[PDB]
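To start, the structure under review is shown below, and the notes come after it.
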Amino acid sequence: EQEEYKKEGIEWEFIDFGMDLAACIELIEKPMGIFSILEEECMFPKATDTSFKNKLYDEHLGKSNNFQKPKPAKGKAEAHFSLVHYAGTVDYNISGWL
Amino acid sequence: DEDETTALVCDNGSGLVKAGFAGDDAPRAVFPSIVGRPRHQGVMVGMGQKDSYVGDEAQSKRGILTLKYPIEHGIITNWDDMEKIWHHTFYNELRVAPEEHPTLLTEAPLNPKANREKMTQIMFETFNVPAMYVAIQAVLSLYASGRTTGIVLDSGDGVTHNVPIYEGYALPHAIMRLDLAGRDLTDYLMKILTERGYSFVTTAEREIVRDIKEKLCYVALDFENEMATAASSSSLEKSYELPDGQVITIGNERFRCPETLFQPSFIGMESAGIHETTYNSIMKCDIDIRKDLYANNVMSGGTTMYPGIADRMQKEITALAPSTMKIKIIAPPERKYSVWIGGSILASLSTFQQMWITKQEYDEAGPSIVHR
Amino acid sequence: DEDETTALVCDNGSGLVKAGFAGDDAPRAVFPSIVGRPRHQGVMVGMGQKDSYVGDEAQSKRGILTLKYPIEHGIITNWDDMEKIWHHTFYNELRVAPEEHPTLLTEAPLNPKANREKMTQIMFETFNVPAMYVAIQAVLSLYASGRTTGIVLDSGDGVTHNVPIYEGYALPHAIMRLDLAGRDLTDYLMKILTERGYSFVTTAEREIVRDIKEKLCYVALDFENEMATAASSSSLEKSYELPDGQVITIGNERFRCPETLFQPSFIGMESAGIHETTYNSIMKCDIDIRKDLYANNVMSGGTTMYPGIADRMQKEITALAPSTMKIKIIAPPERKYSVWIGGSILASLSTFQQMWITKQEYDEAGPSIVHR
């Protein structure tokens, strides 16, 4: 986009459109994010899906915006955690993950 | 049968919940009125992370949780934690689905209007029960002893009460509440037993002082020349064997603990005691009804189970009452469940059907409907 | 992979270093925790003058060097000599460059705050590692046996410990340290074996008493009627062939050596022994957590490898614990590396990435950052 306004000579300033999504990505891929908590617990010989779950919350819940506790009803089957992806809210079930 | 089988009776206490089906003779479920919240993150082997614990799992695991009591002195003080105890009662203890069972609940003597409306709001709006009903506790105790006029001395884990009832209507202005009960009583035994030269050091020592109180404690009549008897040292003594061998002996203190119910001064309480309070309730009532109340002192509650409680009370009020009067202290054997049994009877009854508050009444009249 | 491959795990001991890559099943490098300093000037053929020697070259050449142990009883006592053992570990033993590898290190049970900050200062400021992390040893041992609550009896070369852990947090006030371990144990065998009428005269006689202790020593259950058995002289005896022919026989003393771990009195120690100490740790903890600790006595360390250690401990604490209790002594086969393996697991884990202390954290927060 920015090339055009540069080619033409228009005066339009704008922030990267990607940026809007960085929030969600960090939450997943960053160090204290989902995957990590997921892959750490996998090291605990006596961890539970339930265990994992709590770790997920204690650390992201209330502190993270893209992080949310599910909406259990509608066409959904159970509760664990929703995320706020660009496309929308996804209700995730954590069972077997470990 | 639709609801003949189907009526539930839940008696919410300060220490215990008593629950079961209207029809049964005794509660199907009895368990502590606690809600434990884990102090640390972690799990039991094979389970998931648990946010909360209720009843006996909260008691058993008390070392890693912060325990909380929803009902302080018979009144519901925390509604988040009470809805948790109800949930546990229906779904785990009685294993029923609540949305097809009428539910008879109990409340305390001068339970604030607003609470009776709030538990109705939670029964109908978060548990979706078909119909419900809130009975006053002393009133179910009386009725379970057959009658309709009498005065109930009701005493459990956090409160004692006197509720004079006349042809079924509990008399608001004559009701007395004494905040000293079985909980207070276990902690006093504790001290007179450590004071006997002992140590209830680990939590397996703490808990069993309460089982000593229940099994070996007495209410002596002529508590005066019972201490005197203690001294001559008769075969009045009583040794209990602890979780291990450690045979502890309790001779005397055995009755010094329920003498606390007649003398609150044993525990730095300045209030009057059980018998005087029975009486004062009675000289606060109408004159013409006082012969009735005197011949119908019904006792209910876990703490009124101490043997010889009735004989001491018998003689305690004869000697305060005008001699022209007939005194009569009824203390049935099932009294630790009188309240519940009175609810079981009433709710399984043929004529009670027309007092059930239905979702029709509620969705149409607001919580006000059941409040009366 | 960046660091999946790349995480190092270094377990610093009083006798041995265990080292390798997170991911592996066992340490890539195991070697003595010594730093030798030559007593005289001179050279080996083909080498230059060496100022210092570490690990096995210090042991092998011990006759011309003054040997020094950097870690006394699990705590780093000399930081000049420790930086020497680390240097050797990275550059010669694992042959990696440290400045591109995250490093998980271990410390001892009540390791002084200031030390955890000092080895962080040396890891980041003289080795320039990308990120590091210090785990407590008993805590990695427990975790390597799958669980999160239990009590570890940890016993290596200079220290023994009991570290009660609850949902991962090692309990400071319940930890016990007993300074008698495998080092003490080799020197006691030494004397009961010279006392059997022998001589460990040259250094090739000294060293192998330790290989006798490891191969032939036992912890008998009913050590009482095992001495009695010794006397009837069964085929309980066991002869080992020395560097040469000199077949030495060890019948009995074979178990008199690990009976030192239950009876410190065998060696002029007045302290209590392993099993009593397991127990005392446990009656120093919260009451509600004591059933957990009892069913999860995890053993780790070179000196807990003596066969029948677990059976003796099993029966040692059953008979001290209240009978209502479940006792359970877990002793895995890889236990001489539990600590290390627990670190390998943890550091290769998917969720650990967010606890690594990075040079960003450090350059910005000071050594305080990792200290927790």
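Chain identifiers are assigned as A, B, and so on, following the order in which chains appear in the structure tokens; residues are numbered from 1 within each chain, and ligands are numbered from 1 in order of appearance.
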
(message) Which residues are near residue 273 of chain C? Cut-off 6 Å, only C-alpha atoms, ignore same chain within fewer than 2 positions. Put them as an MDAnalysis selection string.
(response) chainID C and resid 262:263 275:277

Expected file contents, prior selection, N, CA, C and O atoms, as a short mmCIF file (atom, residue, chain, number, x, y, z; two decimals), in the first residue's frame:
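Below is the file that was written, out-v4.cif:
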```cif
data_model
loop_
_atom_site.label_atom_id
_atom_site.label_comp_id
_atom_site.auth_asym_id
_atom_site.auth_seq_id
_atom_site.Cartn_x
_atom_site.Cartn_y
_atom_site.Cartn_z
N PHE C 262 21.90 -46.25 59.04
CA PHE C 262 20.82 -46.32 60.03
C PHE C 262 21.33 -46.11 61.44
O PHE C 262 20.60 -45.66 62.32
N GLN C 263 22.59 -46.48 61.66
CA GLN C 263 23.30 -46.32 62.92
C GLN C 263 24.56 -45.49 62.66
O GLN C 263 25.56 -46.02 62.18
N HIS C 275 16.32 -43.13 58.40
CA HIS C 275 14.91 -43.44 58.58
C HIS C 275 14.19 -42.59 59.61
O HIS C 275 13.03 -42.24 59.45
N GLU C 276 14.89 -42.28 60.69
CA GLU C 276 14.35 -41.44 61.72
C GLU C 276 14.26 -40.07 61.19
O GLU C 276 13.30 -39.39 61.47
N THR C 277 15.24 -39.69 60.39
CA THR C 277 15.31 -38.37 59.84
C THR C 277 14.22 -38.21 58.80
O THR C 277 13.60 -37.17 58.80
#
```

Helix (DSSP H, G or I) residues, from DSSP on the backbone, in segment 67-127 of chain C, as a count of residues only
33

Of C:233, C:218, C:129, C:346, the one nearest to residue 309 of chain C when counting only C-alpha atoms is C:218

Excluding residue 15 of chain A and residues on its chain fewer than 4 positions from it, collect all residues at most 12 Å away from it, counting only C-alpha atoms, and give them as a PyMOL selection string. chain A and resi 1-2+19-20

* For chain C against chain B, which residues fall within 6 Å using only C-alpha atoms, given as a ChimeraX atom specification? -> /C:167,287-288

Just asking: which residues within segment 137-300 of chain C are strand (DSSP E) according to DSSP, as a ChimeraX atom specification?
/C:150-155,160-166,169-170,176-178,238-241,247-250,297-300

Include C-alpha atoms and write out the residues we just selected as a CSV table (one decimal), in the first residue's frame.
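And here is the file that came out, part_2.csv:
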```csv
chain,number,residue,atom,x,y,z
C,150,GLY,CA,6.7,-36.4,48.0
C,151,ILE,CA,9.7,-36.3,50.2
C,152,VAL,CA,13.2,-37.1,48.7
C,153,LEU,CA,15.9,-38.8,50.7
C,154,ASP,CA,18.9,-37.5,48.7
C,155,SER,CA,22.3,-39.0,49.4
C,160,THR,CA,22.4,-36.5,52.9
C,161,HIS,CA,19.1,-34.6,52.8
C,162,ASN,CA,15.4,-35.0,53.2
C,163,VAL,CA,13.5,-32.4,51.2
C,164,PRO,CA,9.7,-32.5,51.6
C,165,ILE,CA,8.2,-31.0,48.4
C,166,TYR,CA,4.5,-30.0,48.0
C,169,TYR,CA,7.7,-26.0,46.4
C,170,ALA,CA,10.4,-27.5,48.6
C,176,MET,CA,17.1,-32.1,57.2
C,177,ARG,CA,20.7,-32.4,56.4
C,178,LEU,CA,22.9,-35.2,57.6
C,238,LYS,CA,32.1,-62.8,49.0
C,239,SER,CA,35.6,-62.7,47.6
C,240,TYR,CA,36.7,-60.0,45.2
C,241,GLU,CA,40.0,-60.3,43.1
C,247,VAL,CA,41.8,-62.5,46.4
C,248,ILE,CA,40.3,-60.7,49.2
C,249,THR,CA,37.3,-62.1,51.1
C,250,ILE,CA,34.4,-60.0,52.5
C,297,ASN,CA,9.4,-41.3,49.7
C,298,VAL,CA,11.5,-41.0,46.6
C,299,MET,CA,15.1,-42.0,46.8
C,300,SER,CA,17.9,-40.5,44.9
```

Each residue of chain A with at least one atom at most 12 Å from chain B should appear once, together with its nearest atom pair and the corresponding distance in Å (one decimal); atoms considered: only C-alpha atoms; ordering: chain, then increasing residue number; output as CSV.
```
residue,atom,partner,partner_atom,distance
A:41,CA,B:42,CA,11.2
A:44,CA,B:42,CA,11.1
A:45,CA,B:45,CA,10.2
A:46,CA,B:45,CA,6.6
A:47,CA,B:43,CA,7.4
A:48,CA,B:48,CA,5.3
A:49,CA,B:48,CA,6.2
A:50,CA,B:48,CA,3.5
A:51,CA,B:49,CA,4.7
A:52,CA,B:49,CA,7.8
A:53,CA,B:49,CA,7.1
A:54,CA,B:49,CA,5.9
A:55,CA,B:41,CA,7.7
A:56,CA,B:49,CA,10.8
A:57,CA,B:49,CA,10.7
A:58,CA,B:41,CA,8.6
A:59,CA,B:41,CA,11.2
A:94,CA,B:48,CA,11.4
A:95,CA,B:48,CA,10.7
A:98,CA,B:48,CA,11.9
```

Closest of A:3, A:26, A:72, A:31 to residue 85 of chain A, counting only C-alpha atoms, is A:26

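Reported to one decimal place, the separation of atom CA of residue 8 of chain C from atom CA of residue 22 of chain C is 5.6 Å.
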
Can you tell me, as a PDB file with N, CA, C and O atoms, in the first residue's frame, what residues are no more than 10 Å from residue 140 of chain B when counting only C-alpha atoms, ignoring any on the same chain fewer than 4 positions away?
```pdb
ATOM      1  N   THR B 106     -34.511 -25.420  54.691  1.00  0.00           N
ATOM      2  CA  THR B 106     -34.824 -24.847  55.961  1.00  0.00           C
ATOM      3  C   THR B 106     -34.085 -23.546  56.163  1.00  0.00           C
ATOM      4  O   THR B 106     -33.026 -23.283  55.594  1.00  0.00           O
ATOM      5  N   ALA B 135     -38.969 -24.082  55.237  1.00  0.00           N
ATOM      6  CA  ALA B 135     -39.563 -24.187  56.580  1.00  0.00           C
ATOM      7  C   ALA B 135     -38.680 -23.619  57.701  1.00  0.00           C
ATOM      8  O   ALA B 135     -37.467 -23.579  57.545  1.00  0.00           O
ATOM      9  N   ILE B 136     -39.148 -23.134  58.837  1.00  0.00           N
ATOM     10  CA  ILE B 136     -38.253 -22.601  59.872  1.00  0.00           C
ATOM     11  C   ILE B 136     -37.837 -23.809  60.657  1.00  0.00           C
ATOM     12  O   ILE B 136     -38.664 -24.672  60.942  1.00  0.00           O
ATOM     13  N   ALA B 144     -42.145 -32.709  64.012  1.00  0.00           N
ATOM     14  CA  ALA B 144     -41.627 -34.061  63.993  1.00  0.00           C
ATOM     15  C   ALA B 144     -41.864 -34.731  65.353  1.00  0.00           C
ATOM     16  O   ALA B 144     -41.832 -35.969  65.442  1.00  0.00           O
ATOM     17  N   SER B 145     -42.155 -34.000  66.444  1.00  0.00           N
ATOM     18  CA  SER B 145     -42.468 -34.655  67.714  1.00  0.00           C
ATOM     19  C   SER B 145     -43.974 -34.731  67.898  1.00  0.00           C
ATOM     20  O   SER B 145     -44.473 -34.847  69.021  1.00  0.00           O
ATOM     21  N   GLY B 146     -44.682 -34.686  66.768  1.00  0.00           N
ATOM     22  CA  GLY B 146     -46.115 -34.748  66.705  1.00  0.00           C
ATOM     23  C   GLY B 146     -46.781 -33.391  66.885  1.00  0.00           C
ATOM     24  O   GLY B 146     -47.658 -33.045  66.086  1.00  0.00           O
ATOM     25  N   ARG B 147     -46.394 -32.536  67.834  1.00  0.00           N
ATOM     26  CA  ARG B 147     -47.186 -31.347  68.134  1.00  0.00           C
ATOM     27  C   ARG B 147     -47.060 -30.036  67.354  1.00  0.00           C
ATOM     28  O   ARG B 147     -46.230 -29.879  66.453  1.00  0.00           O
ATOM     29  N   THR B 148     -47.920 -29.075  67.725  1.00  0.00           N
ATOM     30  CA  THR B 148     -47.992 -27.782  67.072  1.00  0.00           C
ATOM     31  C   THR B 148     -47.798 -26.559  67.925  1.00  0.00           C
ATOM     32  O   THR B 148     -47.626 -25.462  67.400  1.00  0.00           O
ATOM     33  N   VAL B 152     -39.262 -24.886  71.337  1.00  0.00           N
ATOM     34  CA  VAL B 152     -38.108 -25.706  70.996  1.00  0.00           C
ATOM     35  C   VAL B 152     -36.803 -25.071  71.493  1.00  0.00           C
ATOM     36  O   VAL B 152     -36.569 -23.876  71.266  1.00  0.00           O
ATOM     37  N   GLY B 168     -48.590 -23.474  65.191  1.00  0.00           N
ATOM     38  CA  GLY B 168     -47.708 -23.502  64.062  1.00  0.00           C
ATOM     39  C   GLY B 168     -46.951 -22.247  63.781  1.00  0.00           C
ATOM     40  O   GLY B 168     -45.976 -22.296  63.032  1.00  0.00           O
ATOM     41  N   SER B 300     -34.111 -30.126  70.261  1.00  0.00           N
ATOM     42  CA  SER B 300     -33.520 -30.679  69.065  1.00  0.00           C
ATOM     43  C   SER B 300     -32.134 -30.101  68.865  1.00  0.00           C
ATOM     44  O   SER B 300     -31.829 -29.025  69.386  1.00  0.00           O
ATOM     45  N   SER B 338     -34.098 -34.020  64.141  1.00  0.00           N
ATOM     46  CA  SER B 338     -35.512 -33.650  64.285  1.00  0.00           C
ATOM     47  C   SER B 338     -36.030 -32.766  63.184  1.00  0.00           C
ATOM     48  O   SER B 338     -37.010 -33.093  62.527  1.00  0.00           O
ATOM     49  N   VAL B 339     -35.260 -31.691  62.999  1.00  0.00           N
ATOM     50  CA  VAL B 339     -35.464 -30.707  61.967  1.00  0.00           C
ATOM     51  C   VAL B 339     -35.682 -31.401  60.643  1.00  0.00           C
ATOM     52  O   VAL B 339     -36.698 -31.157  60.005  1.00  0.00           O
ATOM     53  N   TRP B 340     -34.778 -32.323  60.267  1.00  0.00           N
ATOM     54  CA  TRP B 340     -34.820 -32.939  58.954  1.00  0.00           C
ATOM     55  C   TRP B 340     -36.031 -33.845  58.816  1.00  0.00           C
ATOM     56  O   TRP B 340     -36.724 -33.839  57.795  1.00  0.00           O
ATOM     57  N   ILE B 341     -36.311 -34.587  59.895  1.00  0.00           N
ATOM     58  CA  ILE B 341     -37.332 -35.589  59.893  1.00  0.00           C
ATOM     59  C   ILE B 341     -38.651 -34.875  59.794  1.00  0.00           C
ATOM     60  O   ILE B 341     -39.459 -35.335  58.987  1.00  0.00           O
ATOM     61  N   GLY B 342     -38.800 -33.723  60.471  1.00  0.00           N
ATOM     62  CA  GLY B 342     -40.015 -32.908  60.433  1.00  0.00           C
ATOM     63  C   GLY B 342     -40.270 -32.432  59.010  1.00  0.00           C
ATOM     64  O   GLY B 342     -41.401 -32.347  58.553  1.00  0.00           O
ATOM     65  N   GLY B 343     -39.202 -32.193  58.246  1.00  0.00           N
ATOM     66  CA  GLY B 343     -39.304 -31.765  56.877  1.00  0.00           C
ATOM     67  C   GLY B 343     -39.696 -32.934  55.996  1.00  0.00           C
ATOM     68  O   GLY B 343     -40.512 -32.751  55.100  1.00  0.00           O
ATOM     69  N   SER B 344     -39.146 -34.128  56.259  1.00  0.00           N
ATOM     70  CA  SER B 344     -39.440 -35.323  55.505  1.00  0.00           C
ATOM     71  C   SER B 344     -40.906 -35.707  55.590  1.00  0.00           C
ATOM     72  O   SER B 344     -41.525 -36.106  54.602  1.00  0.00           O
ATOM     73  N   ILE B 345     -41.435 -35.570  56.805  1.00  0.00           N
ATOM     74  CA  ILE B 345     -42.828 -35.871  57.097  1.00  0.00           C
ATOM     75  C   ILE B 345     -43.700 -34.901  56.330  1.00  0.00           C
ATOM     76  O   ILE B 345     -44.454 -35.286  55.442  1.00  0.00           O
ATOM     77  N   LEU B 346     -43.506 -33.626  56.642  1.00  0.00           N
ATOM     78  CA  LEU B 346     -44.262 -32.539  56.078  1.00  0.00           C
ATOM     79  C   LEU B 346     -44.248 -32.567  54.562  1.00  0.00           C
ATOM     80  O   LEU B 346     -45.299 -32.478  53.922  1.00  0.00           O
TER      81      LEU B 346
END
```

Q.
Give me, as a ChimeraX atom specification, all polymer residues having an atom no more than 12 Å from segment 257-260 of chain B, counting only C-alpha atoms and skipping those fewer than 6 positions away in the same chain.
A. /B:180-193,209-210,212-214,216-224,226-227,250-251,266-275,303-309,312-313

Okay, now the selection with N, CA and C atoms, as a compact mmCIF listing (two decimals), in the first residue's frame?
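part-v1.txt written:
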```
# COMPACT_ATOMS: atom_id res chain seq x y z
N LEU B 180 -23.62 -19.82 71.49
CA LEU B 180 -22.65 -20.72 72.10
C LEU B 180 -23.24 -22.08 71.83
N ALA B 181 -22.53 -22.93 71.12
CA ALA B 181 -23.04 -24.23 70.76
C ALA B 181 -21.95 -25.30 70.75
N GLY B 182 -22.12 -26.41 70.02
CA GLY B 182 -21.20 -27.55 70.03
C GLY B 182 -19.78 -27.27 69.61
N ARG B 183 -19.58 -26.26 68.75
CA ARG B 183 -18.30 -25.79 68.22
C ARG B 183 -17.53 -25.18 69.38
N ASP B 184 -18.15 -24.21 70.08
CA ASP B 184 -17.64 -23.55 71.27
C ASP B 184 -17.30 -24.59 72.32
N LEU B 185 -18.20 -25.57 72.48
CA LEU B 185 -18.08 -26.66 73.43
C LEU B 185 -16.95 -27.67 73.24
N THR B 186 -16.54 -27.89 71.98
CA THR B 186 -15.42 -28.77 71.67
C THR B 186 -14.14 -28.00 72.01
N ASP B 187 -14.11 -26.68 71.83
CA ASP B 187 -12.91 -25.94 72.06
C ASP B 187 -12.67 -25.71 73.53
N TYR B 188 -13.73 -25.72 74.32
CA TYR B 188 -13.58 -25.58 75.75
C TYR B 188 -13.11 -26.91 76.29
N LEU B 189 -13.60 -28.05 75.80
CA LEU B 189 -13.16 -29.34 76.31
C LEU B 189 -11.68 -29.46 76.09
N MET B 190 -11.28 -29.05 74.88
CA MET B 190 -9.91 -29.01 74.41
C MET B 190 -8.97 -28.43 75.46
N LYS B 191 -9.30 -27.21 75.90
CA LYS B 191 -8.53 -26.56 76.92
C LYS B 191 -8.72 -27.34 78.20
N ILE B 192 -9.87 -27.70 78.79
CA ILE B 192 -9.84 -28.43 80.06
C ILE B 192 -9.17 -29.80 80.04
N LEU B 193 -8.89 -30.29 78.84
CA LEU B 193 -8.24 -31.56 78.65
C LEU B 193 -6.74 -31.34 78.47
N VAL B 209 -10.84 -34.73 69.80
CA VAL B 209 -11.34 -34.15 71.04
C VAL B 209 -12.85 -34.01 70.88
N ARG B 210 -13.28 -33.74 69.65
CA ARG B 210 -14.66 -33.64 69.31
C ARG B 210 -15.34 -35.01 69.44
N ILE B 212 -14.37 -37.31 71.53
CA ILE B 212 -14.38 -37.52 72.98
C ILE B 212 -15.64 -36.85 73.53
N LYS B 213 -15.84 -35.54 73.25
CA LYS B 213 -17.03 -34.76 73.60
C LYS B 213 -18.28 -35.52 73.26
N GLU B 214 -18.45 -36.00 72.03
CA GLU B 214 -19.66 -36.74 71.66
C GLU B 214 -19.80 -38.04 72.45
N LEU B 216 -18.10 -39.58 75.34
CA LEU B 216 -17.96 -39.59 76.78
C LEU B 216 -18.60 -38.46 77.52
N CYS B 217 -18.93 -37.29 76.94
CA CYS B 217 -19.59 -36.24 77.71
C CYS B 217 -21.05 -36.39 78.11
N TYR B 218 -21.21 -35.84 79.33
CA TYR B 218 -22.41 -35.95 80.18
C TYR B 218 -22.94 -34.63 80.67
N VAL B 219 -24.24 -34.55 80.97
CA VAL B 219 -24.77 -33.38 81.67
C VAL B 219 -25.34 -34.00 82.90
N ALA B 220 -24.59 -33.73 83.93
CA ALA B 220 -25.03 -34.15 85.22
C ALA B 220 -26.02 -33.16 85.81
N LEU B 221 -26.92 -33.84 86.50
CA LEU B 221 -27.89 -33.22 87.37
C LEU B 221 -27.17 -33.24 88.70
N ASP B 222 -27.26 -32.06 89.33
CA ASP B 222 -26.52 -31.74 90.55
C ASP B 222 -25.03 -31.90 90.26
N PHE B 223 -24.66 -30.90 89.44
CA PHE B 223 -23.30 -30.72 88.91
C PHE B 223 -22.38 -30.28 90.03
N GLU B 224 -23.04 -29.82 91.12
CA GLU B 224 -22.50 -29.39 92.41
C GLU B 224 -21.76 -30.53 93.14
N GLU B 226 -21.18 -33.37 92.12
CA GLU B 226 -20.68 -34.27 91.09
C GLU B 226 -19.16 -34.03 90.96
N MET B 227 -18.81 -32.75 91.17
CA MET B 227 -17.45 -32.29 91.36
C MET B 227 -17.00 -32.89 92.70
N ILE B 250 -10.16 -39.26 81.16
CA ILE B 250 -11.07 -38.15 81.35
C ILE B 250 -12.01 -38.67 82.40
N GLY B 251 -11.90 -38.10 83.57
CA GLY B 251 -12.79 -38.51 84.61
C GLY B 251 -13.96 -37.58 84.72
N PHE B 266 -18.15 -20.07 82.41
CA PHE B 266 -17.07 -21.03 82.22
C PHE B 266 -16.22 -20.67 81.02
N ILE B 267 -16.82 -19.88 80.12
CA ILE B 267 -16.14 -19.50 78.91
C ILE B 267 -16.13 -18.00 78.67
N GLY B 268 -16.16 -17.20 79.73
CA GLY B 268 -16.09 -15.78 79.53
C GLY B 268 -17.29 -15.22 78.78
N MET B 269 -18.39 -15.98 78.83
CA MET B 269 -19.64 -15.44 78.32
C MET B 269 -20.44 -14.87 79.48
N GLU B 270 -20.93 -13.64 79.26
CA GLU B 270 -21.79 -12.93 80.21
C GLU B 270 -23.31 -13.12 80.02
N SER B 271 -23.70 -13.75 78.90
CA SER B 271 -25.07 -14.11 78.58
C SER B 271 -25.61 -15.10 79.60
N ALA B 272 -26.95 -15.17 79.63
CA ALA B 272 -27.64 -16.13 80.49
C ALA B 272 -27.54 -17.56 79.91
N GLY B 273 -27.94 -18.61 80.61
CA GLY B 273 -27.79 -19.95 80.07
C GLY B 273 -29.10 -20.59 79.65
N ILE B 274 -28.97 -21.64 78.81
CA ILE B 274 -30.06 -22.45 78.28
C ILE B 274 -31.39 -22.49 79.04
N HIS B 275 -31.37 -22.84 80.34
CA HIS B 275 -32.57 -22.98 81.15
C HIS B 275 -33.26 -21.68 81.52
N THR B 303 -26.06 -30.65 69.83
CA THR B 303 -25.54 -30.35 71.13
C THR B 303 -26.53 -30.65 72.24
N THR B 304 -27.81 -30.98 71.99
CA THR B 304 -28.74 -31.32 73.08
C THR B 304 -28.76 -32.82 73.34
N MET B 305 -27.81 -33.54 72.74
CA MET B 305 -27.74 -34.99 72.84
C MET B 305 -26.97 -35.48 74.05
N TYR B 306 -26.16 -34.62 74.73
CA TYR B 306 -25.41 -34.97 75.94
C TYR B 306 -26.33 -35.68 76.92
N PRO B 307 -26.21 -36.97 77.30
CA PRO B 307 -27.12 -37.60 78.26
C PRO B 307 -27.35 -36.77 79.54
N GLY B 308 -28.59 -36.82 80.06
CA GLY B 308 -28.96 -36.15 81.30
C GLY B 308 -29.18 -34.67 81.18
N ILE B 309 -29.36 -34.26 79.92
CA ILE B 309 -29.59 -32.87 79.56
C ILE B 309 -31.00 -32.47 79.87
N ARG B 312 -31.58 -32.41 83.89
CA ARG B 312 -31.08 -31.14 84.38
C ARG B 312 -32.07 -30.07 83.94
N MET B 313 -32.54 -30.03 82.68
CA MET B 313 -33.46 -28.98 82.24
C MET B 313 -34.82 -29.02 82.90
```

Q.
Neighbouring residues of residue 27 of chain A were defined as those with any atom within 12 Å, considering only C-alpha atoms; residues of the same chain fewer than 5 positions away were excluded. Please report them as a ChimeraX atom specification.
A. /A:21-22,32-37,56,59-61,63-68,83-85 /C:354
